[PDB]
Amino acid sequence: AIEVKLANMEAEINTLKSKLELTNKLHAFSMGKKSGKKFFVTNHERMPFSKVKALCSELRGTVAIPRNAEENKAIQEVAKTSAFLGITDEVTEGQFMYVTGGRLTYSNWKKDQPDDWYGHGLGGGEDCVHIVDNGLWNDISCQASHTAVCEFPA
């Protein structure tokens, strides 16, 4: 009986694993995930960049990053309002990098941006990035609060 029960629990475990995989697949689908496309999700809450990174990390995803015009539009649509992007120049001023490492391969900066502005009064300049009107990018204070949009693999 002991070995028979053990073999059954292995089957129970494998069955639950496939069932949870199905649950995740269905959830992604109902939330709009498209075939061969990473999917962006948000709870529409505004918060400082540090909280956005922690929260997406907690969800096993990353802070949304547009790699091309298409993805930039996808993120804009999900957010509906201004959201943070996983891009910053905290490591080297003026040199924007993906929070997930590397130099930029695509950008959609607003005219006269990035300008590492200090006038906001929160302290320091501007090392974070958010997507504003018309999907254009603006460098903004990481201390500022904007929409949290997380990314999951295609």
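Residue numbers here begin at 1 and follow the sequence given.
- Per-stretch averaging of Cα B factors for 100-108 and 33-41 places 100-108 on top.
- In this entry, the higher average B-factor at the C-alpha atoms falls on 125-133, of the pair 125-133 and 23-31.
- When all modelled residues of the chain are sorted by CA temperature factor, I87 is found within the lowest third.
- Remark: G119 belongs to the highest third of its chain, ranked by C-alpha B-factor as recorded.
- Among the modelled residues of the chain, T62 sits in the lowest third by CA temperature factor in this PDB entry.
- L55: CA B factor lies in the lowest third for its chain, per the PDB record.
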